[PDB]
Amino acid sequence: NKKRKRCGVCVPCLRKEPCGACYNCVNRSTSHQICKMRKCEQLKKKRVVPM
DNA sequence: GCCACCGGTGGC
DNA sequence: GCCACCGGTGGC
Ligand SMILES: [Zn+2]
Ligand SMILES: [Zn+2]
């Protein structure tokens, strides 16, 4: 299988802007991680099978 | 080139 | 043995 995509319909997916205050927003330059408030509810579940 | 998922792992 | 952290890179 392939990498999973965001769902588009949970509250975080619907957020227009980054929150600007979580650990990942404060470390924008460094982080390869999405704003904690934009993280898709569906992607917080571990993959049923890995890659 | 950017966004950001996710396998791999160091420190506990 | 867990898991927060990271960084390579898939997908656009
Ligand atoms: Zn944030
Ligand atoms: Zn979502």
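All values below were derived from every heavy atom in this structure, side-chain atoms included, with hydrogens, water molecules and symmetry-related copies excluded. Order of the sequence lines fixes the chain letters, A, B, ..., with proteins taken first and strands second; residue numbering starts at 1 for each chain.
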Gap between atoms [atom1] and [atom2], on [X] and [N] respectively (whole Å):
X	N	atom1	atom2	value
A:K3	B:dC5	NZ	P	8 Å
A:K39	C:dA4	NZ	P	13 Å
A:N27	C:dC6	CG	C1'	12 Å
A:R6	C:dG11	CZ	P	17 Å
A:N24	B:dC3	CG	P	14 Å
A:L43	B:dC3	CG	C1'	13 Å
A:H32	C:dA4	NE2	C1'	16 Å
A:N1	B:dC6	CG	P	10 Å

Quick one: is [X] getting a side-chain N or O under 4.0 Å of the [N] phosphate, OP1 or OP2?
X	N	result
A:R38	B:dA4	yes
A:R4	B:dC6	yes
A:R47	B:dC6	yes

With a 3.5 Å distance limit and no angle check, can you tell me whether A:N24 reaches the backbone of A:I34 through a side-chain donor-acceptor pair?
yes
With distance as the sole test, does A:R6 use its side chain to make a donor-acceptor pair with the main-chain N or O of A:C40 at under 3.5 Å?
no
Evaluate the side-chain proximity of A:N27 to A:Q33: yes if any heavy-atom separation is below 4.5 Å, no if none is.
no
Any side-chain heavy atom of A:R38 within less than 4.5 Å of one from A:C13?
no
Would you state whether a donor and an acceptor, one from the side chain of A:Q33 and one from the base of B:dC3, lie under 3.5 Å apart?
no
